[PDB]
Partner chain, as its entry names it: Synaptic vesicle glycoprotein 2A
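Just one chain follows, in the form solved without its partner chain, and it is written as structure tokens.
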């Protein structure tokens, strides 16, 4: 069959946000109740749900009769995009042994004691737990990667999927890749609450928050192929993304980091001069087992709309023509390539910032595109001259200018169009904005 048909046909619950309202679009009409303090924020493909730590911040799903008892004995899969802020080193020391649910089908203020399932967080652990009638429990404890730049519970949108085969195991997938599992034989009936609660439950950190989107339940244990297509079905390729996975926007500051050399920052030699790579400083914590390259150092860039022509959108679409500026000291300096400007061997054109030589054409029309690496939150940039001929993709070239030190210098080159299939490529960029979910320790 199709992966599309069985994904759709096994869907039993599907939360979608339309017209700023949250409802189940599965076909089963489970009623959804949004409390006053459940917030809506930018998501993966539309808006997403945002929960803070108070009793008014919650979204409840009252299961339709027809799907009431679907996970009592049968196989099921839960899927959703998740965004959790990077945990501070102090919060790992304070609340690191504090386990709190964020999504659950279990009861608590009656006397039941939670037969059912739950998605919970505990420091830098993602935990799936299933509990049956007898109080027997099975758990998957996923321990996140220690390098926070590449971790899954460190402020980027990530796609979670947990399948449960009652005859074998429960499997936890992150961005389509199997990352944890537990044998679930020995469990009896799951006799859970009639409501599925999205809420922070028993979290001691008053400032904790999480974002969730596309919460979906399937009536089967999905296989790896189905999971992969499902994951990729949300990655709409028209709207560019920032480093966190949210929509890239015009008129906002972004730090640039080259995807192929993620430990480097971008730096300016000078006004009217060139840009080059530098090593980012990093944070390490042996005791808590966490480390990362620090963010927010090095140049800030702004993307401006190159023309209006009708509808003005605040999001940048692939193919949009733009003007790129370096945002320095409250001033903004255009990035471009002067007519016969310095280049490496008549072909890697050296980019210049705020160049203004009298009488010399300065080419600065760029096109923001998504030409490769779909799952990665990165962007490519193409420069044009005034005959609308391609001057190349923005990348870096190793070399020296005058008597300066050898450096990886920012350039525009048509040479990258011959290598778009490579696994790793020098013309891919991450656009990083400052965010409350990531503060350096």
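Positions refer to the first chain, counted from 1.
Note that the form deposited with its partner chain bound isn't included here; everything after this is about it.
Q: Please identify, from 43-51, 379-387, 65-73, 400-408, the stretch that has a heavy atom within 4.5 Å of its partner chain in the bound PDB entry.
A: Flagged stretch: 400-408.
Q: Residue-level contact is defined here as any heavy atom of the residue lying within 4.5 Å of its partner chain in the bound PDB entry; does residue 287 satisfy this criterion?
A: Yes.
Q: Can you tell me if residue 94 lies within 4.5 angstroms of its partner chain in the bound PDB entry, counting non-hydrogen atoms only?
A: Although its partner chain is absent here, residue 94 would stay clear of it in the bound PDB entry, with no heavy atoms inside 4.5 Å.
Q: My question is simply whether residue 90 lines the interface with its partner chain in the bound PDB entry - judged by any non-hydrogen atom within 4.5 Å.
A: No, residue 90 sits far enough from its partner chain in the bound PDB entry that none of its heavy atoms falls within 4.5 Å.
Q: Examine residue 279 and determine whether its closest non-hydrogen atom to its partner chain in the bound PDB entry is within 4.5 angstroms.
A: Residue 279: yes, in contact with its partner chain in the bound PDB entry.
Q: Sort through 234, 315, 283, 306 and report the residue having a heavy atom within 4.5 Å of its partner chain in the bound PDB entry.
A: Among 234, 315, 283, 306, a heavy atom within 4.5 Å of its partner chain in the bound PDB entry occurs only for 283.
Q: Just one of 294, 365, 269, 166 has a heavy atom within 4.5 angstroms of its partner chain in the bound PDB entry, so which one?
A: Partner contact (heavy atom, 4.5 Å) among the options: 294.
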